[PDB]
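What follows is the residue order along each chain.
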Amino acid sequence: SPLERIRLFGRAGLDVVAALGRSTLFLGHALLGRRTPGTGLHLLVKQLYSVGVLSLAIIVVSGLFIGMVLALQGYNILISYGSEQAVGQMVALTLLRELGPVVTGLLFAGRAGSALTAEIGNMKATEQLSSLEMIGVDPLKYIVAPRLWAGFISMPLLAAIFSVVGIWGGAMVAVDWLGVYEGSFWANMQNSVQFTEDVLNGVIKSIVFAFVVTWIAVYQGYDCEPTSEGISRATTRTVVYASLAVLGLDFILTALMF
Amino acid sequence: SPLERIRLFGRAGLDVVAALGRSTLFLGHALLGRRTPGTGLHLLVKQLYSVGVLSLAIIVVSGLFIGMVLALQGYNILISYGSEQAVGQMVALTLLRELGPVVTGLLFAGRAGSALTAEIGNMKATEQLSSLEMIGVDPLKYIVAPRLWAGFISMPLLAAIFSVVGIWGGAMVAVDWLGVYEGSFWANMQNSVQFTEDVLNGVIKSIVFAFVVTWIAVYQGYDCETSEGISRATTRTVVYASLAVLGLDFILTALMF
Amino acid sequence: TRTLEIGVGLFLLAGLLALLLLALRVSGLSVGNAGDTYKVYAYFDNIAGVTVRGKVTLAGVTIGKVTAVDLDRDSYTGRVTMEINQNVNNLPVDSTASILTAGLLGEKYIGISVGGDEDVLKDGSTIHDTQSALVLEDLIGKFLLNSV
Amino acid sequence: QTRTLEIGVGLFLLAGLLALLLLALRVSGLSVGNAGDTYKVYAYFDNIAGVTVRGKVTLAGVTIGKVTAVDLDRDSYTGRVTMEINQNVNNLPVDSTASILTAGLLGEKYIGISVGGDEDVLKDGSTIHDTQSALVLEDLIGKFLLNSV
Amino acid sequence: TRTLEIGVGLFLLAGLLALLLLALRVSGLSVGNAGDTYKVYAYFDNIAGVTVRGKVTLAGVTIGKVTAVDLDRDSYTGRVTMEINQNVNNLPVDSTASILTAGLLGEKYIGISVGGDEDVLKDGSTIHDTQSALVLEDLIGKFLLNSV
Amino acid sequence: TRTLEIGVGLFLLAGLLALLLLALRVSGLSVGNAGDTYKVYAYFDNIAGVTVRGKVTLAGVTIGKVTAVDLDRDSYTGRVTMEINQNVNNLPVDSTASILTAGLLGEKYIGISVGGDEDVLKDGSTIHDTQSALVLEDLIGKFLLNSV
Amino acid sequence: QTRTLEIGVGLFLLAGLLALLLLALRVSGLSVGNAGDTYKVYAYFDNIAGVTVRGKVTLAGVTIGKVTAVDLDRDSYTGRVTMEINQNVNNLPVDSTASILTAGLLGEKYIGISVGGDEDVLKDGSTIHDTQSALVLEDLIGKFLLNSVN
Amino acid sequence: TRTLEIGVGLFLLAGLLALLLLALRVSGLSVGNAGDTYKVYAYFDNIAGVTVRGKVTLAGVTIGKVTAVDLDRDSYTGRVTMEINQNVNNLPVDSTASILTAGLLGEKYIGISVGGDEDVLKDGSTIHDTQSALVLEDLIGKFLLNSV
Ligand SMILES: CCCCCCCCCCCCCCCC(=O)OC[C@H](COP(=O)(O)O)OC(=O)CCCCCCCCCCCCCCC
Ligand SMILES: CCCCCCCCCCCCCCCC(=O)OC[C@H](COP(=O)(O)O)OC(=O)CCCCCCCCCCCCCCC
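Residues numbered from 1 in each chain as written, not as in the entry; some residues may be left out. Chains lettered and ligands numbered in written order. Part of a larger assembly, values for the part shown. Heavy atoms only, no water. Residues with missing side-chain atoms left out of burial classes, pairs and counts.

**Student:** How should a negative patch on the surface be read in this particular structure?
**Tutor:** Residues and elements named next belong to chain E. Judged by side-chain charge, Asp94, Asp117, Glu118 and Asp119 come together as a negatively charged surface patch. Mapped onto the elements, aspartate 94 comes out in the loop between β5 (78–85) and β6 (97–101). On the basis of relative accessibility, which here comes to 33%, the residue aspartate 94 falls in the partly exposed class. (Patch = residues over 30% accessible without salt bridge, like charges linked within 9 Å, V, L, I, M, F, W, Y side chains within 5 Å. Areas by Shrake-Rupley, 256 points an atom, 1.4 Å probe, with all protein chains shown as cover. Salt bridge = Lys/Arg side-chain N within 4 Å of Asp/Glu carboxyl O. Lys, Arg positive; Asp, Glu negative; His and termini not counted. Charge placed at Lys NZ, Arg CZ, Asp CG, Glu CD. Helix = DSSP H or I, 4+ residues; strand = E, 2+ residues; numbered from the N terminus. Buried < 20%, exposed > 50% of the residue type's maximum accessible area, 1.4 Å probe, protein only.)

**Student:** Before we go on, may I ask you to explain the sheet that holds strand β7 (residues 107–114) of chain G in this structure?
**Tutor:** In any sheet, the strands associate via hydrogen bonds between backbone groups, in a parallel or an antiparallel arrangement. Taken together, five strands build an open sheet; the order of strands is β3-β2-β7-β6-β9 (chain G) and the sheet is mixed. Strands with a single pairing partner mark the edges of an open sheet, and in this sheet they are β3 (62–65) and β9 (131–132) of chain G. (Pairing = 2+ DSSP bridges.)

**Student:** Would you explain the nonpolar core in this entry?
**Tutor:** Generally speaking, a soluble globular protein has its nonpolar side chains buried in company with each other. Counting 163 residues, the largest nonpolar core has A:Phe185, B:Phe26, B:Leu106, B:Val144, B:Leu148, B:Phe185 and B:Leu246 as the members making the most contacts within it. Sorting elements by how many residues they give to this core places helix α9 (residues 155–175) of chain B first, with 13 residues. Sequence-distant contacts of B:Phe26, that is, excluding residues within four places in its chain, are made with B:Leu140, B:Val144, B:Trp215, B:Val218, B:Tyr219 and B:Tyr222. One finds C:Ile84, E:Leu134, G:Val89 and H:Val40 within the second-largest nonpolar core, a separate group that totals 94 residues. (Core = buried A, V, L, I, M, F, W, Y, C linked by side-chain atoms within 4.5 Å. Contact = heavy atoms within 4.5 Å.)

**Student:** How should helix α3 (residues 56–81) of chain A be read in this particular structure?
**Tutor:** Helical geometry note: an α-helix holds 3.6 residues per turn, so side chains three or four residues apart project in the same direction. Helix length check: α3(A) (26 residues) gives 37 Å between terminal C-alpha atoms against 38 Å at 1.5 Å per residue, within 8%. A:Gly82 lies just past α3(A) and shows a positive phi near 105°. (Expected span 1.5 Å × (residues − 1).)

**Student:** Hey, could you run me through the interface of chain B and chain A in this one?
**Tutor:** When the parts of a complex come together, some accessible area is lost, and that lost area is often taken as the interface size. If you look at the interface, chain B gives 42 residues, while chain A gives 44 residues. Only α3 (56–78), α5 (94–111), α6 (115–125) and α12 (227–255) of chain B provide two or more residues apiece to the side of chain B that touches chain A. The leading source of residues in the side of chain B that touches chain A is α12(B), at 16 residues. Residue composition of the side of chain B that touches chain A, by class: 24 nonpolar, 14 polar and four charged. (Nonpolar A, V, L, I, M, F, W, Y, C, P; charged D, E, K, R; others polar.)

**Student:** Just checking my understanding: could you explain α9(B) for this structure?
**Tutor:** Taking 1.5 Å as the rise per residue, α9(B) with 21 residues should run 30 Å; its terminal C-alpha atoms sit 30 Å apart, in good agreement. Most of α9(B) is tucked away: 20 of the 21 residues are buried.

**Student:** Looking at this model, I keep getting lost on the interface of chain F and chain A. Mind explaining?
**Tutor:** The interface is formed by 19 residues belonging to chain F together with 22 residues belonging to chain A. Carbon and sulfur atoms supply 84% of the area that chain F and chain A bury against each other, a total of about 1700 Å² over both sides. Summed over the three residues of chain F that lose the most area to chain A, namely F:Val8, F:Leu22 and F:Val26, the buried surface amounts to 32% of that side. Between chain F and chain A we count zero salt bridges in total. Counting every contact that joins chain F to chain A gives two residue pairs in polar contact. Grouping the amino acids of the side of chain F that touches chain A by side-chain chemistry returns 13 nonpolar, three polar and three charged. (Buried area = accessible area lost by both parts, 1.4 Å probe. Polar contact = N/O pair within 3.5 Å; in protein donor to acceptor, adjacent residues only side chain to side chain.)

**Student:** Would you explain the UniProt feature "domain: Mce/MlaD" (unreviewed entry) in chain G in this entry?
**Tutor:** Under the UniProt annotation, "domain: Mce/MlaD" (unreviewed entry) lies at residues 38–115 of chain G. With 0% helix and 55% strand, residues 38–115 of chain G has its two end C-alpha atoms placed 19 Å apart. (UniProt positions renumbered as here; feature names shortened; annotations may be inferred.)

**Student:** Looking at this structure, how should I read the site of ligand 2?
**Tutor:** The full set close to ligand 2 counts 19 residues, and B:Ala19, B:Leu20, B:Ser23, B:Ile216 and B:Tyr240 are the nearest of them. Those chains with residues close to ligand 2 are chains A, B and G. Between B:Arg236 and ligand 2, the recorded distance is 3.4 Å, taken from a side-chain N or O atom to an oxygen atom. Within the side chain of B:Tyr240, a nitrogen or oxygen atom sits 2.9 Å from an oxygen atom of ligand 2. Relative to its unbound accessible surface of 1100 Å², ligand 2 loses 72% to contact with the protein. Elements supplying a minimum of two residues to the shell around ligand 2: α1 (2–32), α11 (195–222) and α12 of chain B. Considering only residue class, the shell around ligand 2 consists of 15 nonpolar, two polar and two charged. (Near = heavy atom within 4 Å.)

**Student:** Please clarify how the pattern of salt bridges should be interpreted in this entry.
**Tutor:** All names here are of chain A. The final tally for this structure, using the stated rule, is 18 salt bridges over all chains. As a salt-bridge pair, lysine 205 and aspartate 250 come within 3.9 Å of each other at their nearest N and O atoms. Pair noted here: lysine 205 is in helix α11 (residues 195–216) and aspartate 250 is in helix α13 (residues 228–255), with a separation of 45 residues, a long-range link. Relative accessible area serves as the criterion here: at 0%, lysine 205 is assigned to the buried category. Judged by relative accessible area, which is 0%, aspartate 250 ranks as buried.

The structure is reproduced here in structure tokens:
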């Protein structure tokens, strides 16, 4: 029914904001509720291994590939102008203030934005997440709080590693594959980036996603209906919403500081 | 134990080079095996609705956002070069030559590279596929062949729509808030875009990691084990498809700058 | 009031259809650009760099956008059709047009120059006199190779 | 009634998200601890070819403010530029002449204000009476450099 | 069902529209706003920066697109083959096809004059006279060395 | 287990080392490139293209950067505050700083031409003699309308 | 034995990826028929400031070929430039001079070729003996600014 | 099945170590003894567009590189050092070394005119007579501001 079709559309629209409110309530209860008996730093270490260290190969190979792509592309574009000796400035500018954090968002929200959701989802749907409440250990401060704290402090480091490897792998193609002066590359690079305006800007732009990607990647896993299909649908809702959030919040955070 | 770890690493190295073989044989059986009794075009339409039309609300908004980002950024890096008019010849180059076709891969392989493998793995887990061979219908050419054909002919259209919306967003933000002369903007853009080396280049660049994203999104779901198996296969296909988007991006742009 | 909350569906549609209209609102006008623009025509001898949608200017400030360019098959001159803002309507007929250059490299934009006479305009009329656009050829071919 | 609280918090945070409009949201464009408010001023020119809004108005080179309005008067057909000047500088005499200079050789054309000399400073919300136009390439070339040869 | 087919058809049409828009409204090709066009040959003693896909023009309005350049293996001249929109064919044969640098540092395009009122054209014929391509050398190799 | 704890530690230290490498080997940050040196003031008549962090120089080789630009409301002139390399402490007071464009169209920097005097520098004193920056308008506006 | 076939076709696919498509190496462009067969030409100049490699060599503006390399003739202490010409255009006489020209006003310096006047055409592997050098903003302004103005 | 399991494992490890060794070899690829490039000094009065790692050349072709620039504390003038490929070792001392501008706007480089004929060089010596780089101001400041 068309009127019931609009009813269902409005229902989904209100469900979205209801879920957003439930999600921020869940994040509040997770980050600063109380110190549960089972809580410890070993949790954070295990998750930092499950979220960051496992996501190192993907992000490093991505950095190398996207870096040599950025270089081999700009060198063509700069060849017509003649300032190819400034290619090093280009990759260190785009892959460090815009394409660095954005791609490492689209990618950290792909591996650890889906692995996290599927993991704690399969937790919820095998009662492993409920059986923690019977033992008394609040699941938030034990199952998700280390996920949140291992996403907050592992996506910025991933973005830094990604930008470093991308810059280096852009040099490795501009220099030893397309032949520009390596010294010129590095020199013209470190004269036009203005750390306090581009490097720290990219780091803040990456932190804001790190907060908004590991929050909608662990909520969407703590909220999926407990079945084998609700989980396979949540590990797609989280990738969609996290790529969308990376893009949108990067648009905001670059309009906030050009 | 060191020696057992080396044995396991060699085993994984033989597996990944054998999986590519099994995946290639699966793609072969899927695309040009025979004509299964239950196939048709209705399947292609249905899976084109699940792969493409449901993945419109993500990549269109992504195109808008990355377009205004590309403009609002280049103009800032060009305000000090004096050529703030070349913004048109930028949001129609970066968002066309490399970033626009690639991000559509990094994103299509997140919405329909993961939902595809989940929908085609949970099928294997709920015995759907195994219950299709008993009816006599080849599961490959009924369940996975329409996925392949809905990924081949819906990622390039996704990339084209993404690039169009990105160009228009870069325009809207380049003229409204940046005040760049709309005339010179569209002029420089239309002039220095060189269709045969940028538009068709982006389109073939998109077809490559369409064929390669829908291939490893469908296979990784036709070859997964249980809910824990699929919940891992979807992560595996998201990772492998982002990797095969970026790697194929490098390999392709190296063949045509 | 949940059956009443079908109205939020309309709150979203009217908020999305408004976004659609804003997407087609790309004209740069609220009260400033044109409001309700009005036509005028001009005949130049050379319009080298006045590709369509370029800004027209009186005393520098923009007035409208050149709507189209035309090669008048009669005399092979450039008849440009340009739109003018509503509020600006005191432009006398003897106000002659000329093709200035954006800065020193930017593409050419046309401007008008008030000459001053009673009969203002007709907004559908045309401009008779004008000064053509320069060209780095005639400037050195007819004024550098000519006397030096 | 948990949906009530969830929707309440969801709206209270969607507001804080749309509290990031970020489209001329901070009408002051430097920081949260700089000077702040600004004075207004107008000038009447004969040609303002390149005075695109949000540019720079300066004195002796140091930026003083930005151009806000580029209006045109219907009566005299002269461009009226409405700019603002930072609060710290408020001591510019009325006889100061505004002239449009071209940054470098091709850079964005800014409006400088050469100080004359008088006791009465300004109303800072009033207009300027004198000026010097912006030398456009075409009219200049055709008039003078063509006249010599 | 049918909503499925309508949705997928709309999506396919949107993809094809996006492809055609990226082609035409961004680059432009044989397909596009322009219809049929006729070729014309011309002989320049030099075509310094003239590349394909320039803007052959008259009085500023675009007349078409240059198609091919060649060094005539007999006279060592620049044979330029260009396209002219059929919207304008009234141009005379006995005109001058000059090259002009756009603005100050724009693309070196081709302008043509009006050749009196003689036999109009064959639209596939050649041109008689043309002003060669100016460069920095033919100027600053005579008027700065062998002059004041 | 400590079997993986080093892995987390190793790659966290790798991330932090990458942050430091981005902040140091790409930006020349406060690790030490030029020491803690003292400022010097200069009074000009026009500082148009003198942005922050310019390249204050002598004989072409870089000396340091300008820290601040100011409009001293008393005489309405340009107060530029620039840092001088501390080891370079032989710049006499009679030396004059002039605003020069870098080459032909580079950013407007200031360069200090040595005058030569016994007393050298307070490193915090002001300069007196200078040649203010050129401006196209005043230049072509006083040497084209009168001379030729 | 099926795993053997799987790994075999896997190696085959990896070979199809690496050998045929990757390695971004030696050009087979028209290596069978309809080729260009670029031929070398030497030219001695006095200043080749903006004649870096991969530039353009042209006659009357239409590109004739590209510049292969540049070097310093140790004995002459002058610039030597080696550039290629397509075998289709083999009608350029010997006394045809080369000249460094600037594209537009700022476009990179290419090598134009002014035709000669002898009947001996070329060898396409020979040299060019007479030419005109390039200009340089400093020596140029250094000549006619303080000698014919003051 | 196991005699070749760890065999292909070690084959892959060898391939990976070869790849890592290929990656590491960028920084200091094969510089060794700087090939056959040896230092030589130069003095100038003003070197504006001469930054580190600039270009040096003779007759246009690159001769080597521009090593470093500095300010001598005594004469308050600019010293610069450059590395010269030994393939050219016939550059006499009376050879001049001026500053030129790449094309017309490209970054300033150092060109060397071979000069006369005398004792050639020790590649570690110091060139003596030369001409500085033009600065825009003084030109228009003494040829326009004074003569025309
Ligand atoms: C020109 C105008 C156009 C510009 C539009 C602006 C868009 C702004 C960007 C949109 C945000 C995308 C998020 C998508 C997620 C979603 O839809 O949300 C969808 C889900 C609910 O969906 P379900 O139906 O599946 O439950 O909600 C959530 O997951 C809740 C978490 C969302 C977090 C939102 C972002 C918070 C911002 C925090 C910034 C402050 C950080 C600073 C800390 C240091
Ligand atoms: C114009 C030319 C036309 C282009 C032709 C397209 C080529 C297609 C090749 C795609 C290969 C993927 C096959 C399917 C994979 C699969 O399903 O197989 C999936 C299996 C998974 O096995 P597991 O079960 O063990 O996880 O293996 C993979 O995950 C493969 C990862 C995909 C990575 C592809 C990247 C290729 C480019 C690499 C860059 C090279 C580095 C060099 C840089 C210096």
